[PDB]
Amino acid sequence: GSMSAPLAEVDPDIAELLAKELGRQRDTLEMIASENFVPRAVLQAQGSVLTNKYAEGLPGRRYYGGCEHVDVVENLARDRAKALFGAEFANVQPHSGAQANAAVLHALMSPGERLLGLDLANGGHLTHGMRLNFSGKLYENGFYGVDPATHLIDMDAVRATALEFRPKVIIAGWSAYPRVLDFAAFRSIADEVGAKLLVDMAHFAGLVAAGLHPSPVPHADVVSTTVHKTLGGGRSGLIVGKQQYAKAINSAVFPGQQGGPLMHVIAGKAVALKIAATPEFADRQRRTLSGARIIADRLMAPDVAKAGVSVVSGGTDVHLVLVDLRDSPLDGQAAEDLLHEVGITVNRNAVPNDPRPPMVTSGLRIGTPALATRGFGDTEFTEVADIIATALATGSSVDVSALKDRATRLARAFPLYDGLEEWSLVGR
């Protein structure tokens, strides 16, 4: 019956929506900095029958019979994570970046203890202390920020905050920050005040894997990440860290926070970690970084600067560009909408001391990983940069038709998932 019928017959509405979403991914230039495109092999793993297996516990130490093969899968993911990042242990079960962070904080601190993280308006993530998230609900929160003049994190200010606040755990990490964190300084501060150091490398983990961003693994007690940003894998989380925290972290993931792990997704993590060690992946990360720098450079040209648009920190060393619109007629929402009309997906971004409401903002976050994965190199990012610069410098009266044509030409020149409609679930 329906056990073997194709999706198109069982649920035509959902089949049609899958096709529409594939078409949307193909037709747009995706520049949300946290998004990417998974490889075919990760699609296959996530669509595998490993979803049927209950496998609570650890490899070879399960609460269920029949785990012999998913145990090898999980050990491959763990071993590849440790090897790729140079970490002493890995836990590959977190369902997401948020669940990775929930388990780390569960392992390292108790409710009521003090957590120090980067403020949301200064580029932090909601799991770094936002009051409606578990990180704010369970813990006493302190925050550091960026210098208002340079938009860099001032490590003397972070140190002064840590000395006053005496956190149990310091989080280094970000969702919207354009420069390299000083992990050695974070470790020195953590040691000085007796705090644990968590680095949440979700955004830049793929840059780390390719050797293009300093690694937090030498410095941090524990490192959390999403698998699905620059690392380029399926939507899920991952923890690595120093051996002395392995037992606490494993127990915090299960039974502390989760039940059964998603073994099909863990199989895809193993695939993504293997891909992340290849020269092809390293070149993709190189094109990600070069493309972001090309966009930042274009947006610092005099024509854009004279229009009241500026680049936060005067450049970038990562996979994104942060745009400051405080002196522009465009607010973040208006600029996001304008770029959507051209076919480019970005998101608005709060700037520190933002004069506009938090859902409007005076900033943009523009990311390059997804287009680099799609195949864009320096020539294509030069074109993308000029499209964005023309829109932002001119404003809402810009010739959108011409920019849309240019964006469509790029999308057509670099087909996405070409052949997916013929790929099989398993085999070749």
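In case it trips you up, residue 1 is the first one in the sequence shown, and so on.
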| query | finding |
| --- | --- |
| Of 311-319 and 255-263, the one with larger mean CA B-factor | 311-319 |
| Between the two ranges 223-231 and 350-358, the one averaging a larger CA B factor in the entry | 350-358 |
| Of the residues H151, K274, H203, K196, the one carrying the largest Cα B-factor as recorded | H151 |
| Residue with highest C-alpha B-factor in the PDB entry, from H106, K306, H95, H125 | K306 |
| Chain-relative CA temperature factor third for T394 | highest |
| Relative C-alpha B-factor of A270, binned into the chain's lowest, middle or highest third | lowest |
| CA B-factor placement of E30, once the chain's modelled residues are sorted into thirds | lowest |
| Ranked against its chain, the third holding the CA B-factor of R326 | highest |
| Chain thirds of CA B-factor: placement of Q243 | highest |
